[PDB]
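Residue numbers count from 1 along this sequence. All values below were derived from every heavy atom in this structure, side-chain atoms included, with hydrogens, water molecules and symmetry-related copies excluded.
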Amino acid sequence: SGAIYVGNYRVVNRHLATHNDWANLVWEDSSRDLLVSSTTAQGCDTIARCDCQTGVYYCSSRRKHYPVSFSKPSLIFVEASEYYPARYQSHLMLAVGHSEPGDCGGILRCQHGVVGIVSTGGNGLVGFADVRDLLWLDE
Ligand SMILES: Cc1nc(C)c(CC(=O)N2CCC[C@H](C(N)=O)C2)[nH]1
Ligand SMILES: [Zn+2]
């Protein structure tokens with residue numbers, strides 16, 4: 001689990017969105033595994049606006065942060081789960097590293113701020129849903 005809180009927005013993995021998230025839906029994209037909901041309290045997280053390909057991610061299954069190199073956001077094939085059939089997930093960034101299904105929502109950060117959140121994993125690869133292109137999160 002995990003979320004990004006910026007302004008009056010809460011950003012979570014779409015497959016983990018709650019009833020309150022859907023009842024206060026702002027925007028969602030199944031092809032990206034992203035959902036943004038509105039909040040009453042103000043959020044103070046900083047979203048990165050960059051092309052970084054290095055950063056650090058939180059892995060709850062190891063209670064550890066790992067430094068990683070990751071690919072630029074792209075369309076990648078993702079095998080079926082109880083949440084989605086087999087499809088291409090867009091705006092996804094891959095890195096070599098550990099993950100478990102419960103690690104979704106862990107934040108990936110660079111010196112500029114929040115890059116994205118853990119969304120996929122398999123075969124020793126971990127994928128992050130990018131949020132750097134969502135310029136509207138900052139107003
Ligand atoms: C081994 C492993 N690590 C993780 C993070 C996973 C879970 C995973 O990849 N999923 C399941 C939830 C929906 C995801 C999606 N975006 O389509 C796919 N598995
Ligand atoms: Zn950066």
Side-chain angles (χ1 to χ4, degrees):
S1 64
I4 312 166
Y5 295 93
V6 52
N8 295 291
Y9 299 130
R10 164 173 140 101
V11 189
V12 298
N13 294 88
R14 191 186 183 275
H15 76 279
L16 303 175
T18 74
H19 284 310
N20 185 67
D21 287 320
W22 279 103
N24 295 284
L25 177 60
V26 163
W27 169 79
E28 54 80 32
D29 198 322
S30 165
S31 80
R32 293 179 72 154
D33 185 41
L34 285 187
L35 180 142
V36 173
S37 64
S38 65
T39 69
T40 48
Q42 180 85 6
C44 295
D45 272 312
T46 294
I47 308 299
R49 302 300 181 188
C50 67
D51 62 343
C52 280
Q53 276 187 264
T54 65
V56 170
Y57 80 103
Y58 179 65
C59 175
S60 56
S61 64
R62 297 283 181 269
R63 303 186 178 113
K64 272 165 195 60
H65 295 257
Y66 291 106
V68 287
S69 269
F70 54 87
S71 61
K72 287 181 165 171
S74 65
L75 266 167
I76 292 161
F77 187 66
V78 178
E79 302 278 346
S81 62
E82 63 269 82
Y83 305 95
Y84 300 106
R87 84 236 205 274
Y88 286 104
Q89 173 166 323
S90 67
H91 301 268
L92 190 66
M93 301 172 293
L94 291 178
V96 175
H98 182 63
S99 80
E100 299 198 358
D103 288 322
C104 288
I107 290 184
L108 170 68
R109 286 180 129 105
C110 61
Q111 59 182 115
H112 329 83
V114 177
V115 172
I117 57 168
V118 173
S119 173
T120 76
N123 303 338
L125 295 167
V126 55
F128 313 94
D130 192 39
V131 300
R132 293 177 292 181
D133 65 315
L134 308 174
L135 311 180
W136 56 268
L137 286 169
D138 284 329
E139 39 217 359

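- Side-chain contact between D133 and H91 is present, with heavy atoms from C-beta onward closer than 4.5 Å.
- The cluster map of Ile, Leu, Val, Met, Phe, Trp and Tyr, joined by side-chain heavy atoms under 4.5 Å apart, puts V26 and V11 in the same cluster.
- Remark: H112 engages no residue in a ring-ring contact (aromatic ring centres under 6.0 Å, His included) (not counting sequence neighbours).
- Linking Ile, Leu, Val, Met, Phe, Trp and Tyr residues whenever their side-chain heavy atoms come within less than 4.5 Å leaves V56 and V126 in two separate clusters.
- A distance-only check finds no donor-acceptor pair linking the side chain of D45 to the backbone of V6 [under 3.5 Å].
- Closest approach of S90 and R32 over heavy atoms only: OG-CG, 3.4 Å.
- Taking 4.5 Å as the limit, some side-chain heavy atom of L34 sits within range of a side-chain heavy atom of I117.
- For the pair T46/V114, no side-chain contact is recorded, criterion being any heavy-atom separation below 4.5 Å from C-beta on.
- Between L92 and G127 the shortest heavy-atom distance is CD1-C, 3.8 Å.
- The CG atom of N13 sits 11.0 Å away from the CG atom of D21 when rounded to the nearest 0.5 Å.
- For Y9 and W27, the gap between ring centers reaches or exceeds 6.0 Å.
- In this structure, OG in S30 is found 11.0 Å from CG in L35, a value given to the nearest 0.5 Å.
- Classification of the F128-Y57 ring pair by plane angle, with boundaries at 30° and 60°, yields perpendicular.
- Residues forming a side chain to side chain donor-acceptor pair (under 3.5 Å) with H15 (at least two apart in sequence, or on another chain): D33.
- The shortest non-hydrogen separation linking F70 to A95 is CB-CB, 4.0 Å.
- The distance from the CD atom of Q111 to the SG atom of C52 is 6.0 Å, given to the nearest 0.5 Å.
- There is no side-chain donor-acceptor pair under 3.5 Å between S37 and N24.
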Per-pair distances, 0.1 Å, donor-acceptor, side chain in residues 71-82, under 3.5 Å, sequence neighbours excluded:
{"unit_1": "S71", "atom_1": "OG", "unit_2": "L94", "atom_2": "N", "d": "3.0"}
{"unit_1": "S81", "atom_1": "OG", "unit_2": "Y83", "atom_2": "N", "d": "3.1"}
{"unit_1": "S81", "atom_1": "OG", "unit_2": "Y84", "atom_2": "N", "d": "3.4"}

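- Taking CD1 of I107 as the start and NE2 of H65 as the end, the distance is 10.0 Å to the nearest 0.5 Å.
- Using a 4.5 Å heavy-atom cutoff, the side chains of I47 and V131 are in contact.
- No donor-acceptor pair under 3.5 Å is formed between the side chain of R109 and the backbone N or O of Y58.
- Of all heavy-atom pairs between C110 and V115, the closest is SG-CG2, 3.6 Å.
- Shortest non-hydrogen contact noted between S69 and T54 is OG-CG2, 3.7 Å.
- For the pair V68/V96, no side-chain contact is recorded, criterion being any heavy-atom separation below 4.5 Å from C-beta on.
- Atom SG of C59 is separated from atom CD of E100 by 7.0 Å, given to the nearest 0.5 angstrom.
- Taking OG1 from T39 and CG from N20, the interatomic distance works out to 10.0 Å, rounded to the nearest 0.5 Å.
- By the rule that hydrophobic residues join a cluster once side-chain heavy atoms approach within less than 4.5 Å of another member, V12 and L25 end up as members of one cluster.
- When all heavy atoms of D138 and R49 are compared, the pair lying nearest together is OD2-NH2, 2.9 Å.
- Inspection of the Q89 and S31 side chains reveals no N or O donor paired with an N or O acceptor under 3.5 Å.
- Of the N and O atoms on the side chains of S38 and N8, not one donor lies less than 3.5 Å from an acceptor on the other residue.
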